[PDB]
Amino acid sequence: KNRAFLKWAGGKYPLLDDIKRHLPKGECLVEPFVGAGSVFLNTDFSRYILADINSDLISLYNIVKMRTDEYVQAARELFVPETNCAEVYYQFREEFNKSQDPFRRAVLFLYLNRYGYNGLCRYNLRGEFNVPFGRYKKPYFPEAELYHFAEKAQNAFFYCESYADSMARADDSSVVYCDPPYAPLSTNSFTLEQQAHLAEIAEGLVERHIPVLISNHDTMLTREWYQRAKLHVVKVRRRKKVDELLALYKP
């Protein structure tokens, strides 16, 4: 099992067993919500189309892929004992938000992700990263995970676009895995309309003989959205207990 080099919300590292068994085979894997890319790092497709709405994330991935050794050496400088304090963190955060250089931003982005509070990724409406200091004892520099990512990235294209645009790139030799933001159990958030729209696009792709796999919480709403797919309940219970749902659209 390969780990992502980024802390990221909704990481599918724990559920990789259930995903890979229910994920159809193909020449290309399309991830509209790639995030940290746990599935991409733990599968073996000939090529990938990885997309996300986060421009900083996609920019980082392009840098790591194209300028690997240069990035690792630069990013390694920031993972020293002297940088693990609030005053240094907040200046680096400010440097990140004021930087117009993709490389420097990518370098700082990794630091902020590993030194920031709970590994959060949060922006204000000005597009400024505003996650406070994390106060970790010893942040880990994912050098091994970085090189493995860049190695696998050689067969992947990265795009900063919404799910509708990325799924439109899917061909007949493609498989689509969708990991959208979690549906609510009970602004800027991923809306219920978008949750329903995702299933609708999934219905269109399978009608075009393109396999689509979707993962989400197991709720009454998700069962309604994915009612045209074979439903597979994963028990990772985690005051109520929440199961996960794998919705497969097989042609």
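Quick note: we count residues from 1 along the sequence shown, nothing fancier.
* **residue 229 unmodelled in at least a third of other compared entries** => Looking at the other entries that model residues on either side of it, residue 229 is present in every one.
* Taking only the other compared entries that model residues on either side of residue 46, decide whether it is unmodelled in at least a third of them. => Modelled in all the others, so no.
* Scan the PDB entry between residue 186 and residue 187 and report the missing deposited residues as one of none, 1 to 3, 4 to 9, 10 or more. => Gap between residue 186 and residue 187: 4 to 9 residues without coordinates.
* Per the record, how many residues of the deposited chain fall between residue 20 and residue 21 without being modelled: none, 1 to 3, 4 to 9, or 10 or more? -> In the deposited sequence, nothing is left without coordinates between these two.
* With reference to the PDB entry, specify whether the mean Cα temperature factor is higher for 142 to 150 or for 168 to 176. => Result of the comparison: 168 to 176.
* Comparing 52 to 60 with 23 to 31, where is the mean C-alpha B-factor higher? -> In the deposited entry, the stretch with the higher C-alpha B-factor mean is 23 to 31.
* C-alpha B-factor winner, where the candidates are 36, 41, 202, 66 -> Of the candidates given, the C-alpha B-factor peaks at 202.
* To do: Using the B-factor values recorded in the entry, state whether the Cα atom of residue 6 falls in the lowest, middle or highest third among the modelled residues of its chain.
  => Residue 6: CA B-factor falls in the lowest third of its chain.
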